[PDB]
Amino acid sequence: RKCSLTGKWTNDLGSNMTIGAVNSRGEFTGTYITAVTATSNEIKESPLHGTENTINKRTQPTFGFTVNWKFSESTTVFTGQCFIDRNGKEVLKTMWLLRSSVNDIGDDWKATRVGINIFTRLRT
């Protein structure tokens, strides 16, 4: 059996996400819920759109998703791999790119930040 994207996840920074069902083509949607980035009020929710690589029907697939922020002009992309570890726990190890909006093409060079995130299943 394989590492499944569908469901509820949580990270190290305290953000959560829900991913709906993965279609035949390898497609999925969900929502990204966060508490840190720049501002919000309290808790904010944004949609995510992604894909799971289905080649060789691997048990521990790679994937990618885009987060369309609703409270900002930015976009964030995540890519990683759905692993199985801890004693048999599912884990997502990801790396991301955060693109800020700049006003002029000449500041383009300073628009992209990078980092990681690790996700584990939310007690449920």
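Note that residue numbering follows the sequence shown and begins at 1.
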Greater mean Cα temperature factor according to the PDB record, 35-43 or 70-78: 35-43
Residue range whose averaged C-alpha B-factor is higher in the record, 80-88 or 93-101: 80-88
Criterion, highest CA B-factor; candidates, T124, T6, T120, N117: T124
Which of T112, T18, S24, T10 ranks first by CA B-factor in the deposited coordinates: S24
Within-chain third of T29 by Cα B-factor, per the entry: middle
Third of chain Cα B-factors occupied by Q60: middle
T54 - which third its CA temperature factor falls in, relative to the rest of the chain: highest
